[PDB]
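Working notes, beginning with the structure itself.
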Amino acid sequence: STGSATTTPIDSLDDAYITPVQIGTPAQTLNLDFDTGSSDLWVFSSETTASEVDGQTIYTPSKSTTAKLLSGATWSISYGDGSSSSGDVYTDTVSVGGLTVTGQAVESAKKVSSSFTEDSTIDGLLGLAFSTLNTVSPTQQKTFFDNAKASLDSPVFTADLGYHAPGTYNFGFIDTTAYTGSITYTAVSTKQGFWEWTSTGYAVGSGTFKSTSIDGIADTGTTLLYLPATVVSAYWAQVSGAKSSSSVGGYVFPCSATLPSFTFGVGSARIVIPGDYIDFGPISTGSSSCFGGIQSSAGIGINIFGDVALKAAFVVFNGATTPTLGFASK
């Protein structure tokens, strides 16, 4: 089997991407944030505290003839940005882009934190990291990809995120028309539960490439590119007037600036992030200070190749017995 679904930016900045997902029978379509940095499929639901729902579409398990309470199971997750959610668990049929999994754990939110309530466009998350990070207790549950893997033509999914445009998540096949040149594959460590890999270096604009190992994760659920402070300082030093602002929470730059590109290495290959992908616009409406899309990881504990990086590439998440990542230009 295979599946193919369009993923669409939630706003004009590409702050996140939503993909329609069919849950239950008859189908209830919810727009979920596919997140290669977590491993829970959780949704706003008929069980979510009413004051914490503000415009999201909800899953109502009692209206699904295939829903079954997973007795005794609870979940609770806290994300790297400080947000969180928790609840109970049903199993139900879940389909993405024509690919159907029966018996998928659908984690129904009883509580969500403010940032989720305040985003009416995201009806939940679909985690695509390794199932060892799934938070369901006392019986850990498998991700959608893990459940689908054996049925797929090839044990892979691909992320082709658009810049200010829709893109595609494919499951079970690699669309050879979706990228240019060749895909370069690189080793993955699953020891932390992430799609963790080592970039071979970077360049700023037309500058020389610096060969250096940068360990990080490929994370579709993180908006920006978080890298070591040395790298980030080298980038923003090429933008006149750019500075790190403690009050804003990162590097800002004059909105009148033209940003240089940023290149990262994948083995001997190179992925170029155009400067325009690094512009996240005014820090507040009407401001002439703009927020940068490359930020320091120094306070995170891990480097994160988020959407800013991933949207410059066609990315293969190879879930073979020994997983690998592939990157191609496009």
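By convention here, the chains of the structure tokens are called A, B, ... in the order presented, each chain's residues are numbered starting at 1, and ligands are numbered starting at 1 in the order presented.
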### Task
Can you pull out every residue within 9 Å of stretch 86-89 of chain A, counting only C-alpha atoms, but drop anything in the same chain fewer than 2 positions away, and send it as a ChimeraX atom specification?
/A:42,47-48,68-78,84,91,105-112,136
Hey, can you spit out that residue selection with N, CA and C atoms as a short mmCIF file (atom, residue, chain, number, x, y, z; two decimals), in the first residue's frame?
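Saved result, part10.cif, follows:
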data_model
loop_
_atom_site.label_atom_id
_atom_site.label_comp_id
_atom_site.auth_asym_id
_atom_site.auth_seq_id
_atom_site.Cartn_x
_atom_site.Cartn_y
_atom_site.Cartn_z
N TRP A 42 -2.48 12.63 18.82
CA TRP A 42 -3.45 13.13 19.78
C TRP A 42 -4.30 14.19 19.10
N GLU A 47 -14.03 15.22 24.56
CA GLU A 47 -13.61 15.14 25.96
C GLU A 47 -12.75 16.31 26.39
N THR A 48 -12.33 17.17 25.46
CA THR A 48 -11.46 18.28 25.81
C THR A 48 -12.24 19.32 26.60
N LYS A 68 -12.95 2.27 20.05
CA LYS A 68 -12.97 1.44 21.25
C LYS A 68 -12.07 2.09 22.30
N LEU A 69 -12.60 2.30 23.50
CA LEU A 69 -11.77 2.83 24.57
C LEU A 69 -10.65 1.84 24.85
N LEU A 70 -9.43 2.35 24.95
CA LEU A 70 -8.29 1.53 25.37
C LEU A 70 -8.25 1.61 26.89
N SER A 71 -8.83 0.61 27.53
CA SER A 71 -9.16 0.71 28.95
C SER A 71 -7.91 0.91 29.80
N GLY A 72 -7.96 1.90 30.69
CA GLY A 72 -6.87 2.18 31.60
C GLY A 72 -5.75 3.02 31.05
N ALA A 73 -5.73 3.29 29.75
CA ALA A 73 -4.61 3.99 29.14
C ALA A 73 -4.76 5.50 29.25
N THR A 74 -3.69 6.16 29.65
CA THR A 74 -3.64 7.61 29.69
C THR A 74 -2.36 8.07 29.01
N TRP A 75 -2.33 9.36 28.68
CA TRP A 75 -1.18 9.94 28.03
C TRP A 75 -0.98 11.36 28.54
N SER A 76 0.26 11.81 28.48
CA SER A 76 0.60 13.16 28.90
C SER A 76 1.92 13.52 28.25
N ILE A 77 1.96 14.65 27.55
CA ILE A 77 3.14 15.02 26.80
C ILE A 77 3.48 16.48 27.06
N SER A 78 4.78 16.77 27.11
CA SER A 78 5.28 18.13 27.18
C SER A 78 6.27 18.31 26.06
N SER A 84 1.82 21.56 26.22
CA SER A 84 1.52 20.23 26.74
C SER A 84 0.07 19.87 26.49
N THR A 91 -8.77 3.29 20.43
CA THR A 91 -8.28 2.78 19.16
C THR A 91 -9.36 3.02 18.11
N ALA A 105 -3.90 3.81 17.91
CA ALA A 105 -4.15 4.56 19.14
C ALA A 105 -4.35 6.03 18.80
N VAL A 106 -5.53 6.55 19.15
CA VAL A 106 -5.92 7.94 18.97
C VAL A 106 -6.07 8.50 20.37
N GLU A 107 -5.15 9.37 20.74
CA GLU A 107 -5.07 9.90 22.09
C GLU A 107 -5.97 11.12 22.17
N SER A 108 -7.01 11.02 22.98
CA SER A 108 -8.05 12.03 23.07
C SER A 108 -7.71 13.00 24.19
N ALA A 109 -7.61 14.29 23.85
CA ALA A 109 -7.19 15.28 24.82
C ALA A 109 -8.32 15.62 25.78
N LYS A 110 -8.04 15.49 27.07
CA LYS A 110 -8.88 16.09 28.10
C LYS A 110 -8.42 17.50 28.44
N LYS A 111 -7.11 17.75 28.36
CA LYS A 111 -6.53 19.04 28.68
C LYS A 111 -5.50 19.36 27.61
N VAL A 112 -5.45 20.64 27.21
CA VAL A 112 -4.41 21.16 26.34
C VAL A 112 -3.93 22.49 26.90
N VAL A 136 1.91 6.91 25.97
CA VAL A 136 0.77 6.19 26.54
C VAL A 136 1.24 5.23 27.64
#
### DSSP helix (DSSP H, G or I) selection over stretch 130-308 of chain A, as a list in words
residues 131, 132, 133, 144, 145, 146, 147, 148, 149, 150, 151, 229, 230, 231, 232, 233, 234, 235, 236, 275, 276, 277, 278, 307 and 308 of chain A
Report as a tab-separated table (two decimals) with N, CA and C atoms, in the first residue's frame all protein, DNA and RNA residues lying within 10 Å of residue A:167, evaluated on only C-alpha atoms, omitting residues in the same chain fewer than 6 positions from it.
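Below you can see selection_17.tsv, which holds the result:
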chain	number	residue	atom	x	y	z
A	5	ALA	N	-0.70	12.63	0.85
A	5	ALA	CA	-1.55	13.70	1.36
A	5	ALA	C	-0.86	15.04	1.22
A	6	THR	N	-1.64	16.06	0.88
A	6	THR	CA	-1.12	17.42	0.81
A	6	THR	C	-1.06	18.03	2.20
A	7	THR	N	0.04	18.73	2.47
A	7	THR	CA	0.23	19.44	3.72
A	7	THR	C	0.27	20.93	3.42
A	8	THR	N	-0.39	21.74	4.25
A	8	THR	CA	-0.65	23.14	3.91
A	8	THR	C	-0.18	24.04	5.05
A	9	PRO	N	0.56	25.12	4.78
A	9	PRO	CA	0.94	26.03	5.86
A	9	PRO	C	-0.28	26.60	6.56
A	17	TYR	N	2.51	23.25	9.49
A	17	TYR	CA	1.80	22.68	8.35
A	17	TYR	C	0.75	21.70	8.87
A	19	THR	N	-2.18	18.65	7.82
A	19	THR	CA	-2.47	17.61	6.84
A	19	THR	C	-3.79	16.97	7.25
A	159	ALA	N	8.86	13.75	3.30
A	159	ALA	CA	8.36	15.08	3.60
A	159	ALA	C	8.85	16.02	2.52
A	160	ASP	N	7.92	16.69	1.86
A	160	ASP	CA	8.20	17.67	0.81
A	160	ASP	C	7.42	18.92	1.18
A	161	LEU	N	7.98	19.71	2.10
A	161	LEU	CA	7.28	20.88	2.61
A	161	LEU	C	7.50	22.06	1.67
A	311	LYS	N	12.15	22.33	4.51
A	311	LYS	CA	11.39	22.78	3.35
A	311	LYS	C	12.29	23.10	2.15
### Task
Might you pull out every residue within 6 Å of residue A:253, with only C-alpha atoms counted and same-chain residues fewer than 3 positions away left off, and present them as a ChimeraX atom specification?
/A:241-242,289-290
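By only C-alpha atoms, and with residues fewer than 5 positions from residue A:104 along its chain excluded, the set lying at most 9 Å from it is residues 41, 90, 91, 92, 93, 94, 141, 142, 143, 144 and 147 of chain A.
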Print the selection's residues with N, CA, C and O atoms to a file, as a compact mmCIF listing (two decimals), in the first residue's frame.
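Contents of again.txt, as written:
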# COMPACT_ATOMS: atom_id res chain seq x y z
N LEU A 41 -0.13 10.42 18.52
CA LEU A 41 -1.20 10.92 17.67
C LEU A 41 -2.30 11.33 18.63
O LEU A 41 -2.94 10.46 19.24
N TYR A 90 -8.29 6.00 22.72
CA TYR A 90 -9.16 5.10 21.97
C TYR A 90 -8.32 4.44 20.89
O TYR A 90 -7.27 4.96 20.49
N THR A 91 -8.77 3.29 20.43
CA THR A 91 -8.28 2.78 19.16
C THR A 91 -9.36 3.02 18.11
O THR A 91 -10.55 2.94 18.42
N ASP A 92 -8.93 3.34 16.89
CA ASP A 92 -9.88 3.56 15.80
C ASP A 92 -9.13 3.43 14.48
O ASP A 92 -7.90 3.32 14.43
N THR A 93 -9.89 3.47 13.40
CA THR A 93 -9.33 3.45 12.06
C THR A 93 -8.88 4.85 11.68
O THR A 93 -9.64 5.81 11.85
N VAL A 94 -7.66 4.96 11.19
CA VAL A 94 -7.05 6.24 10.82
C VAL A 94 -6.52 6.11 9.40
O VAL A 94 -5.79 5.16 9.09
N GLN A 141 2.16 2.78 22.95
CA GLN A 141 1.49 2.56 21.68
C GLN A 141 2.39 2.94 20.51
O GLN A 141 3.34 3.72 20.64
N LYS A 142 2.07 2.36 19.36
CA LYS A 142 2.84 2.57 18.14
C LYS A 142 2.34 3.76 17.33
O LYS A 142 1.15 4.08 17.32
N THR A 143 3.26 4.40 16.62
CA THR A 143 2.88 5.48 15.73
C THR A 143 2.13 4.94 14.52
O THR A 143 2.16 3.75 14.20
N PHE A 144 1.48 5.87 13.82
CA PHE A 144 0.80 5.55 12.57
C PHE A 144 1.75 4.90 11.58
O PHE A 144 1.41 3.91 10.93
N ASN A 147 2.61 1.34 12.66
CA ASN A 147 1.50 0.43 12.37
C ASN A 147 1.36 0.15 10.88
O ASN A 147 1.00 -0.96 10.50
#### Entry: Contacts of residue A:244 within 12 Å, only C-alpha atoms, excl. fewer than 2 positions in-chain, as a PyMOL selection string
chain A and resi 229+232-233+235-237+239+241-242+246-253+289-292+294-296
#### Entry: From A:255, A:126, A:269, A:165, residue lying nearest residue A:282 [only C-alpha atoms]
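Between A:255, A:126, A:269, A:165, the residue approaching residue A:282 most closely is A:255.
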### Message
Using only C-alpha atoms, which protein or nucleic acid residues come within 9 Å of residue A:21? Drop anything in the same chain fewer than 5 positions from it, and give the result as a PyMOL selection string.
### Response
chain A and resi 5+27-32+94-97
Now that the selection is made, can you save its residues with C-alpha atoms as a PDB file, in the first residue's frame?
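Saved the output as again-v6.pdb:
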ATOM      1  CA  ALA A   5      -1.555  13.696   1.358  1.00  0.00           C
ATOM      2  CA  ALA A  27     -14.745   9.451   8.802  1.00  0.00           C
ATOM      3  CA  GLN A  28     -14.127  12.516  10.933  1.00  0.00           C
ATOM      4  CA  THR A  29     -11.522  14.634   9.149  1.00  0.00           C
ATOM      5  CA  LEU A  30      -9.144  16.544  11.412  1.00  0.00           C
ATOM      6  CA  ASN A  31      -6.205  18.695  10.324  1.00  0.00           C
ATOM      7  CA  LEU A  32      -3.141  17.421  12.163  1.00  0.00           C
ATOM      8  CA  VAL A  94      -7.046   6.239  10.822  1.00  0.00           C
ATOM      9  CA  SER A  95      -6.407   7.031   7.165  1.00  0.00           C
ATOM     10  CA  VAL A  96      -3.886   9.459   5.655  1.00  0.00           C
ATOM     11  CA  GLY A  97      -3.951  10.134   1.940  1.00  0.00           C
TER      12      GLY A  97
END
Can you tell me, as a PDB file with C-alpha atoms, in the first residue's frame, which residues in stretch 137-303 of chain A count as strand (DSSP E or B) by DSSP?
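Result file is result_27.pdb:
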ATOM      1  CA  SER A 137       0.811   4.406  29.904  1.00  0.00           C
ATOM      2  CA  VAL A 156       9.484   4.858   4.139  1.00  0.00           C
ATOM      3  CA  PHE A 157       7.720   8.164   4.293  1.00  0.00           C
ATOM      4  CA  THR A 158       8.779  11.425   2.665  1.00  0.00           C
ATOM      5  CA  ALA A 159       8.355  15.077   3.596  1.00  0.00           C
ATOM      6  CA  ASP A 160       8.204  17.675   0.805  1.00  0.00           C
ATOM      7  CA  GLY A 167       3.562  20.372  -0.089  1.00  0.00           C
ATOM      8  CA  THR A 168       3.225  16.614   0.307  1.00  0.00           C
ATOM      9  CA  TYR A 169       3.688  13.746   2.760  1.00  0.00           C
ATOM     10  CA  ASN A 170       3.977  10.379   0.997  1.00  0.00           C
ATOM     11  CA  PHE A 171       3.960   6.958   2.648  1.00  0.00           C
ATOM     12  CA  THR A 184      21.978  11.497  -0.435  1.00  0.00           C
ATOM     13  CA  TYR A 185      21.391   9.123   2.459  1.00  0.00           C
ATOM     14  CA  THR A 186      22.959   9.520   5.883  1.00  0.00           C
ATOM     15  CA  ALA A 187      23.021   7.420   9.036  1.00  0.00           C
ATOM     16  CA  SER A 189      20.782   7.184  15.527  1.00  0.00           C
ATOM     17  CA  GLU A 196      18.975  12.012  14.679  1.00  0.00           C
ATOM     18  CA  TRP A 197      21.761  12.469  12.135  1.00  0.00           C
ATOM     19  CA  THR A 198      25.046  14.347  11.662  1.00  0.00           C
ATOM     20  CA  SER A 199      25.386  17.165   9.155  1.00  0.00           C
ATOM     21  CA  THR A 200      28.854  17.536   7.645  1.00  0.00           C
ATOM     22  CA  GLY A 201      29.019  21.320   7.888  1.00  0.00           C
ATOM     23  CA  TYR A 202      27.679  24.643   6.700  1.00  0.00           C
ATOM     24  CA  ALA A 203      28.225  27.760   4.607  1.00  0.00           C
ATOM     25  CA  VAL A 204      26.834  31.286   4.946  1.00  0.00           C
ATOM     26  CA  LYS A 210      33.100  24.820   6.906  1.00  0.00           C
ATOM     27  CA  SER A 211      33.518  21.079   7.411  1.00  0.00           C
ATOM     28  CA  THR A 212      32.297  20.265  10.903  1.00  0.00           C
ATOM     29  CA  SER A 213      30.022  17.612  12.387  1.00  0.00           C
ATOM     30  CA  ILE A 214      26.664  18.952  13.612  1.00  0.00           C
ATOM     31  CA  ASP A 215      24.468  16.337  15.322  1.00  0.00           C
ATOM     32  CA  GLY A 216      20.771  17.180  15.193  1.00  0.00           C
ATOM     33  CA  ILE A 217      17.260  15.929  14.538  1.00  0.00           C
ATOM     34  CA  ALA A 218      15.027  16.198  11.491  1.00  0.00           C
ATOM     35  CA  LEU A 225      16.468  25.901  12.398  1.00  0.00           C
ATOM     36  CA  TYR A 226      18.285  25.651  15.758  1.00  0.00           C
ATOM     37  CA  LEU A 227      22.071  25.273  15.553  1.00  0.00           C
ATOM     38  CA  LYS A 243      21.519  41.154  16.941  1.00  0.00           C
ATOM     39  CA  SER A 244      20.449  38.663  19.565  1.00  0.00           C
ATOM     40  CA  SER A 245      17.702  40.173  21.699  1.00  0.00           C
ATOM     41  CA  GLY A 250      16.501  35.330  19.739  1.00  0.00           C
ATOM     42  CA  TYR A 251      18.155  36.958  16.774  1.00  0.00           C
ATOM     43  CA  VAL A 252      16.297  39.806  15.108  1.00  0.00           C
ATOM     44  CA  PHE A 253      17.299  41.805  12.058  1.00  0.00           C
ATOM     45  CA  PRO A 254      16.169  44.959  10.242  1.00  0.00           C
ATOM     46  CA  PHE A 262      22.470  29.109   4.504  1.00  0.00           C
ATOM     47  CA  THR A 263      23.896  25.801   3.247  1.00  0.00           C
ATOM     48  CA  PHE A 264      24.084  22.612   5.278  1.00  0.00           C
ATOM     49  CA  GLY A 265      25.980  19.447   4.390  1.00  0.00           C
ATOM     50  CA  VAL A 266      24.514  15.975   3.977  1.00  0.00           C
ATOM     51  CA  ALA A 269      25.995  16.870  -0.785  1.00  0.00           C
ATOM     52  CA  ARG A 270      24.747  20.362   0.030  1.00  0.00           C
ATOM     53  CA  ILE A 271      21.256  21.703   0.724  1.00  0.00           C
ATOM     54  CA  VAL A 272      20.818  25.450   0.188  1.00  0.00           C
ATOM     55  CA  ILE A 273      18.257  27.353   2.268  1.00  0.00           C
ATOM     56  CA  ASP A 279      12.682  35.741   7.276  1.00  0.00           C
ATOM     57  CA  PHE A 280       9.882  35.289   9.843  1.00  0.00           C
ATOM     58  CA  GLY A 281       8.651  38.842   9.570  1.00  0.00           C
ATOM     59  CA  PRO A 282       7.980  41.627  12.045  1.00  0.00           C
ATOM     60  CA  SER A 289      12.468  44.473  13.525  1.00  0.00           C
ATOM     61  CA  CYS A 290      12.065  41.032  11.987  1.00  0.00           C
ATOM     62  CA  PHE A 291      12.517  37.619  13.593  1.00  0.00           C
ATOM     63  CA  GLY A 292      15.218  35.301  12.296  1.00  0.00           C
ATOM     64  CA  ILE A 294      18.038  30.485  12.302  1.00  0.00           C
ATOM     65  CA  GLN A 295      18.392  30.555  16.091  1.00  0.00           C
ATOM     66  CA  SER A 296      20.767  29.193  18.697  1.00  0.00           C
ATOM     67  CA  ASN A 303      20.271  20.928  17.409  1.00  0.00           C
TER      68      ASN A 303
END
### Task
For atom CA of residue A:221 and atom CA of residue A:103, determine how far apart the two atoms are, in Å to one decimal place.
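Atom-to-atom, atom CA of residue A:221 to atom CA of residue A:103, that is 24.3 Å.
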